[PDB]
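Enquirer: Quick one: experimental structure and sequence below.
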Amino acid sequence: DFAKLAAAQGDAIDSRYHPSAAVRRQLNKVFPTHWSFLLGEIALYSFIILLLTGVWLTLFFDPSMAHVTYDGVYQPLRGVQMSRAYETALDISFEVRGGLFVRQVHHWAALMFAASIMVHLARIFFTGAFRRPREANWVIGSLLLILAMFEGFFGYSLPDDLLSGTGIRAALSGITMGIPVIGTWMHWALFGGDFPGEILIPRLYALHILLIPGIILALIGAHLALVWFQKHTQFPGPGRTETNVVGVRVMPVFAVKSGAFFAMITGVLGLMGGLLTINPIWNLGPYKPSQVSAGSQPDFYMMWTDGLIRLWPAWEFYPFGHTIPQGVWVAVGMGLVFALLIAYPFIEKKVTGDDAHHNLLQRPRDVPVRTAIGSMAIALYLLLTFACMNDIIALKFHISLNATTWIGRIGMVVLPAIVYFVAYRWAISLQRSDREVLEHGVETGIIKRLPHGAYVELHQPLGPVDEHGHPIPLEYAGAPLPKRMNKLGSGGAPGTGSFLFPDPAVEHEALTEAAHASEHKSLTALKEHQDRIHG
Amino acid sequence: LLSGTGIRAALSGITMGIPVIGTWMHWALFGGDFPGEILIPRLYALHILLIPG
Amino acid sequence: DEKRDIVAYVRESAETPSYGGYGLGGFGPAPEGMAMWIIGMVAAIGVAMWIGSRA
Amino acid sequence: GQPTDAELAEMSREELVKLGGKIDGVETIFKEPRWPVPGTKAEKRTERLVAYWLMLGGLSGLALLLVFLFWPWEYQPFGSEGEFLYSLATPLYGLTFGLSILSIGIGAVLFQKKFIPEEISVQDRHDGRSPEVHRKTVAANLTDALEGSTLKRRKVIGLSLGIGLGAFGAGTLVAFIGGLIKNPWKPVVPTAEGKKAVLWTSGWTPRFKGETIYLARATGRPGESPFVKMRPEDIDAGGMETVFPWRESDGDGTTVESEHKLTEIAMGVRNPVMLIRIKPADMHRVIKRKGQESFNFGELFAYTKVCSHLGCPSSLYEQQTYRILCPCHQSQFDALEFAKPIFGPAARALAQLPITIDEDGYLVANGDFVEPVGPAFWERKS
Amino acid sequence: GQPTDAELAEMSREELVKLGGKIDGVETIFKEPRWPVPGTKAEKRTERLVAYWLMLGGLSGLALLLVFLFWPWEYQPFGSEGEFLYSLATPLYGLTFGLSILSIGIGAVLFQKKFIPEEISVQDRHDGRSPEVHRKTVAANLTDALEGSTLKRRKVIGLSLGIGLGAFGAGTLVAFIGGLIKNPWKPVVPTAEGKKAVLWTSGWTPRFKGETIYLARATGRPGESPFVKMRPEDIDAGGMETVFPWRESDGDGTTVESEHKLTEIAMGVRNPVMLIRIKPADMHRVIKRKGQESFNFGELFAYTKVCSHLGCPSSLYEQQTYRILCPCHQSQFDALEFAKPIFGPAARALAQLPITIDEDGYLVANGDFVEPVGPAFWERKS
Ligand SMILES: CC(C)=CCC/C(C)=C/CC/C(C)=C/CC/C(C)=C/CC/C(C)=C/CC/C(C)=C/CC/C(C)=C/CC/C(C)=C/CC/C(C)=C/CC1=C(C)C(=O)c2ccccc2C1=O
Ligand SMILES: CC(C)=CCC/C(C)=C/CC/C(C)=C/CC/C(C)=C/CC/C(C)=C\CC/C(C)=C/CC/C(C)=C/CC/C(C)=C/CC/C(C)=C/CC1=C(C)C(=O)c2ccccc2C1=O
Ligand SMILES: CC(C)=CCC/C(C)=C\CC/C(C)=C/CC/C(C)=C/CC/C(C)=C/CC/C(C)=C/CC/C(C)=C/CC/C(C)=C/CC/C(C)=C\CC1=C(C)C(=O)c2ccccc2C1=O
Ligand SMILES: CCCCCCCCCCCCCCCC(=O)O[C@H](COC(=O)CCCCCCC[C@@H](C)CCCCCCCCC)COP(=O)(O)O[C@H]1[C@H](O)[C@H](O)[C@H](O)[C@@H](O)[C@@H]1O
Ligand SMILES: CCCCCCCCCCCCCCCC(=O)O[C@H](COC(=O)CCCCCCC[C@@H](C)CCCCCCCCC)COP(=O)(O)O[C@H]1[C@H](O)[C@H](O)[C@H](O)[C@@H](O)[C@@H]1O
Ligand code: HEM
Ligand code: FES
Ligand code: FES
């Protein structure tokens, strides 16, 4: 009697505790059903998969520089001195059943985590979800992005590899020693000595499996709690206002679709871990200061920092008996990048004057200057990433390596400007298109007038039509406009039988008019609620 | 010496004496025989992240 | 002898199948990041567009 | 406007759901089932579709189980029967797992989009500026806690608590971080000129005056005799060889005392050097640095491999251009001239090792680098 | 019974605190200040007392800082000038830190107990069985979510989702745990009788038929020649020596190839053995096990050190009692008889190594243990 068991368990729960009101509030919480609001969930799900795979990895990983000869199964690396970290990474790859798959899905989850964090940041920035109520949310999310970047750095640096080791040597060691007053001291504190200090990988292992994941988990908890209680913002729409949330309740629909989305994201990541090879360390010999490779790139989320290193033009200053190497330039650049990213909402409000409580998102077209600035920043980030990749770009796409370096150097001040101008004008022209639709109706096929030979596109008005043909223009309300009669009530009733065979006409008619009734009922309910809010 | 002797007693002997799956649990935990080269890394994971979490 | 060993390694690395799926060229970070951003992120975003709504 | 003391008994499920929405500020508008018409076969087809997706997920999960338990996993040497099975083993694990969970997710999404009823529930958002009753009551509670405590009236306690907390925090933070803090300039590495700091000294620093440091070539032999003495004739015009600072005392790796000295030589960050043979025809284009004019032994030039910018090895030697390129950040150093950077982030030249030949003709270092060899840092160029 | 729309403006702090308590179900009774009478000098003394405690905390925190920054820390070898300072270095760190924070805590407690007003606030506890409105509305919401979803009507979906989730969970759990699951009885250790399991084989198992396994004494020499061949004359009546299975191939630890075989010998769980010289007077009290009657060489008996119960070494030896005691759980084995347990948790006798002397008189195992030597397990005694 599962129904009786459920009832008895509910009564016992509500007697021991009293979660009825709280649970009802959680279940009844309404979440907007916009697709772009799942971008953060992608990052959350990738993070969960990262935790689950990282536990498995830690069950088999040994962090240490203790030198050992492999003497494993992988023949191409036998008798070669390597760190125990590399040896156990190879053991995960080969000796452990499914260890290669687990580590590959872990790395793919890391890449998807960074990518989805970037996409979510783009969504919120361009939609203006950081304004008065949620600047703190933006700030903690920026800290979260920085932590994710650096944890991925430490994660692919954990198995001491040739690629990851040379990346560490460059970024960490060089840029740390570069810092003027405390650079060498920071280097010695972090590595416990010179660069190959025998505590580096244990320290990174701790930072990567316990410390940084703990901070990220706490910050994700704060992030999700803030989103939960500062009810999720929404785009302007029929019944959507600054003081309501139009969407679906948590329990019946949102919970089911979020769980299913998590399942599908897990499936995508597992499929990638299977079919796509990620970081094949066995091809990469154990780290040695002398051995190198041509590629020498970090993961894509640090590729922009590496590209900054490459592109910045070797400007070194030599104060009285001292040196200020080119690494400090990039250190300051990264500092500026993070500072501006964290402080943008406050910069935005200082610049514009907006101190209003904003609960309705802005369309990126509707906010041109911010959209232009975001496009400019994305262009700069892409230029830096492809500058880091300039080695492989030059190799495959036959471009001189010097040519790619200087393309990056010039474009990091030219391409941002071009993209800013283009994005600003593009946003304004999207606004112009929206107003054209508002004032003339949707466009359709052309018709030749009866008496004379005029051609008229035979538009379709979206609002009340004047006594004559031309309609009364509507007022823009911040919501997208249907520019195709495709997406309106036109040409949308295929035979509802099946792909290969029809259904009885009675069934088809019943279904089609039932759907018509349901959709017009939804439209009428939204219209009535909209009229009720002010009217 | 002290703590490794304690491990050898409890974790190894008790685990490996269990009738149906004792040796299997011992080998799964230690990656092999008692002094298996993964015991302390596994305990480190368990002790800094997994169990404290 | 050393040159023969290098030749053997070159041939082995050239003819060795990529363990753990399609080997995206041989360059790790750049092909892997591109494959993420295309395959994984287009899949995720398209699935999000399917599940959610446009408005 | 009443809590429905006894009407809940006869209130139906729909009425109770509406009441809950009302209490929570949620008004459910157009909660309509997906299949109002009963008995239609389109409903059965959609049912079968979601069932097929869930069953595909289950079959793929069973496939994951079966392939994981029974498949030719385990590394297979090159060109051996079973290599193909091993190569597509992990792909099969990932394919089965991902397909299973993806199909389950697709089935769940289809159930939500086809069977779970459609709603446009609208929740009243009470964001911002809690009602004045709550605000003023919280303010009163906090202010009463602060003032009643009699703080901001015991000046001595106010200052003493601040001093105590500040001193304790200072002591605790300093004791937390002093374990990590180390002096980079503590003289530790022994040298002919007494113990010196690590950054100044590399494997090429003479431990005692007049020590012989051979430019030993690092044969890839796994462990035994990894470094072997070197002769100028071994290199030929337009050739580069990575050499290391090997000492007679640092004999082959057969012993345990050795194979730690050799490991230290191999792992020395500032140890590896590139010995390049400048072509005799191109020897006339060489421009030499101050104090490094006699460093080259005839047409042999020894430059540190560590890039002068962030310290990656600069191994990519290009002959017929005499350019030592670094792969980490694409910086070229003109080997013909003193190895000065002529492109890329680097701004300082690579340190040039003084080389010569000892008795028996083996290549040895004729001294130490006249400058620190790794990447630059604050305490440099003086 | 009204929310005080505009009364809050003139409501005082006490009234607002009472209102908040009322809203939260909290009635603050007897919230009285500690010092109603003003100007008294007992108040000043108490103020100064809490101030003194906080100032002691601050002074001790500064002491922690100064001691940590400037104290002769670092190990001092032994009987060395500075050894006394080092010995109380860490105690001083702990003393200063603990005293500082303890004094801060004492000051805070005294401030709470002497200055913060005393209250006996009583909160209304609404525990158990949320009001029927909430219970029934939650039940209605959950039941509407379940039934409206149309589940428990699509038997094919109900069963398919269960099958899919179960299969996926099975596959995922098996894939998670199969990396760990290893077969204890995979024949890996080579032996004269082919590869055998690790539990069956020890360091005393002859790798090839007729192999010589000397009972090498483990000298404490740090690294070089750790194991040295042994002779019967070395022990004297009532003597115990810990010996290991040393092979001629496992030469001294000078080489890298050696010092790994030797490390394996030292770290072998079942390798160490105790060689006991039974006193000739007491040799007549010896009882011998089935198949172990000729194992002893004259008055030499070689018993495994690993205790038969949980595998700790049984290193303690009592002569004139001939009792091999295990420190882990106080089990005694009668060495005179076959090393059968005559006390403690152990129930199986220690395995007896056959021993003899080869040419030159060096002690060598005359075979292998006729039983598994470590602690017992399921697959044993057959
Ligand atoms: C710092 C910086 C950006 C310097 C400039 C270097 C650079 C990126 C130059 C452009 C590269 C191109 C497009 C070369 C083709 C020749 C060329 C320049 C033609 C004119 C360009 C032009 C305006 C054309 C008009 C039409 C048009 C837009 C054509 C674009 C054609 C292309 C290539 C579109 C895709 C863009 C693309 C993928 C560029 C390469 C970027 C990267 C990082 C690829 C990474 C990558 C590599 C490198 C693999 O080898 C690989 C192997 C196996 C699996 C995966 C991969 C993989 O993902
Ligand atoms: C970026 C932004 C919105 C900034 C707001 C303005 C602001 C506050 C600026 C202050 C900070 C500064 C100084 C910024 C300038 C430069 C900058 C952004 C530095 C920080 C870099 C950083 C930590 C985060 C930026 C992340 C971000 C928003 C990236 C763009 C993400 C978006 C919208 C992607 C499009 C969605 C989509 C379908 C992507 C997949 C399709 C493809 C292939 C897109 C192109 C593409 C991309 C996008 C890659 O990332 C990539 C990485 C590695 C190899 C290849 C590729 C590649 O081909
Ligand atoms: C060889 C080998 C070892 C292979 C294995 C690889 C490995 C090591 C690890 C991965 C293996 C595993 C365990 C994979 C499965 C992972 C997993 C649990 C998937 C669940 C997805 C699934 C099976 C769905 C079935 C379809 C279905 C009926 C769905 C509806 C019921 C379900 C499952 C609902 C789940 C809801 C869900 C995702 C809850 C997440 C809980 C968390 C952390 C946060 C909740 C939460 C969410 C989700 C928000 O979106 C949100 C947005 C704004 C503000 C706040 C929140 C918020 O608090
Ligand atoms: C959900 C995940 C779905 C992922 C799809 C997975 C794809 C499966 C691929 C096939 C099965 C696995 C193959 C494993 C074995 C294997 O590795 O595959 C090579 C082939 O490789 C190639 O050429 C490329 C062939 C082109 C088809 C594959 C392209 C798929 C890309 C597009 C997927 C990533 C997305 C990137 C988007 C990019 C656009 C950005 C806008 C084949 O040998 P070969 O061809 O000879 O490789 C040479 C050595 O020999 C030789 O030494 C060596 O030196 C080389 O020359 C080497 O090429
Ligand atoms: C407000 C606090 C004011 C005090 C600031 C103290 C920092 C200045 C140091 C002053 C004394 C320096 C000379 C005497 C000492 C000396 O000679 O040592 C030196 C290195 O100074 C040390 O000792 C440890 C430094 C202590 C950590 C300082 C942390 C920074 C402070 C400023 C931040 C916290 C303060 C609160 C403000 C923030 C509030 C938050 C809002 C060199 O090391 P070395 O010769 O190699 O020996 C190594 C042994 O030291 C080493 O502990 C050991 O680990 C070994 O590794 C060994 O190598
Ligand atoms: C939170 C975000 C995380 C990110 C972005 C991340 C990223 C990464 C990446 C990219 C790798 C390289 C994997 C490879 O090269 O095969 C890695 C390795 C590793 N990760 Fe993480 N990780 C995260 C969380 C965790 C957690 C929570 C744990 C522990 C529970 C963990 C444990 C490990 C271990 C042990 C390794 C080394 C395994 C190996 O070398 O193959 N990671 N990480
Ligand atoms: S690391 Fe060599 S030029 Fe930058
Ligand atoms: S361990 Fe020896 S008696 Fe228990």
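Expert: It's in. Numbering: from 1, shown residues only, chains lettered A, B, ... in the order given. Ligands and ions are numbered 1, 2, ... in the order given.
Enquirer: Could you count how many residues lie near residue C:46?
Expert: When counting by other CB atoms under 10 Å in any protein chain shown, one arrives at 11 neighbours for residue C:46. (C-beta placed from N, C-alpha, C; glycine too.)
Enquirer: what about it, which helix or strand?
Expert: helix C:41-51 (DSSP states H and E).
Enquirer: can you pull the contacts of residue D:33?
Expert: For residue D:33, the set of contacting residues under the criterion of CB atoms under 8 Å, 6 or more residues apart in numbering or on different chains consists of D:117, E:148, E:150.
Enquirer: Check the gap between it and residue D:43 for me.
Expert: 11 Å (CB to CB, to the nearest Å).
Enquirer: which residues do these two both contact?
Expert: Taking CB under 8 Å, 6+ apart as the contact criterion, no residue touches both residue D:33 and residue D:43.
Enquirer: hang on, the earlier thing: is any part of the helix holding residue C:46 close to chain A?
Expert: Yes. Contact between helix C:41-51 and chain A, assessed by CB under 8 Å from any CB of the partner chain, occurs at C:41, C:43-45, C:47-51.
Enquirer: would you list every one of the strands in the chain?
Expert: Since you didn't name a chain, this refers to chain A. Using DSSP state E, the strands of chain A run over residues A:30-31, A:67-69, A:81-83, A:244-246, A:248-249, A:447-448, A:455-456.
Enquirer: sorry, should have said chain D
Expert: Ranges of strands within chain D are D:26-27, D:122-124, D:214-218, D:227-228, D:240-246, D:273-277, D:300-304, D:316-318, D:323-326, D:331-334, D:340-343, D:352-353, D:355-357, D:363-365, based on DSSP E.
Enquirer: From start to finish, how long is stretch D:74-94 in a straight line?
Expert: Using CA to CA, to the nearest Å, the end-to-end distance of stretch D:74-94 comes to 16 Å.
Enquirer: Not counting that stretch itself, show me its contacts.
Expert: By CB under 8 Å, 6+ apart, the list of residues contacting stretch D:74-94 reads A:73-76, A:94, A:98, A:100-101, A:104-105, A:270-275, C:12, C:15-21, D:64, D:67-68, D:71-73, E:175.
Enquirer: picking up where we left off before, using TSV, please lay out the strands of chain A together with mean neighbour count and distance to ligand 3.
Expert: Output for these, formatted as TSV (neighbours: other CB atoms under 10 Å in any protein chain shown; distance: least, CB to the nearest ligand atom, whole Å):
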stretch	mean neighbour count	distance to ligand 3
strand A:30-31	26	7
strand A:67-69	17	26
strand A:81-83	24	24
strand A:244-246	24	12
strand A:248-249	26	13
strand A:447-448	10	49
strand A:455-456	10	48
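Enquirer: Nearest to ligand 4 among those would be which one?
Expert: strand A:81-83 (24.5 Å; CB to the nearest ligand atom).
Enquirer: What parts of chain D come near chain C?
Expert: In this structure, chain D approaches chain C at residues D:75, D:78-79, D:83-84, D:86-87, D:90-91, D:94, D:109, D:112-113, D:219-220, judged by CB under 8 Å from any CB.
Enquirer: swap the cut-off to 6 Å and go again
Expert: D:78, D:87, D:90-91, D:109 (CB under 6 Å from any CB of the partner chain).
Enquirer: residues in contact with the closest residue in space to residue D:109 that isn't next to it in sequence?
Expert: Take residue D:109 and drop its neighbours on the chain: the residue closest to it by CB to CB, 6 or more residues apart in numbering or on different chains is residue A:260, 4.4 Å away. Shown in contact with residue A:260 (CB atoms under 6 Å, 6 or more residues apart in numbering or on different chains): D:105, D:108-109.
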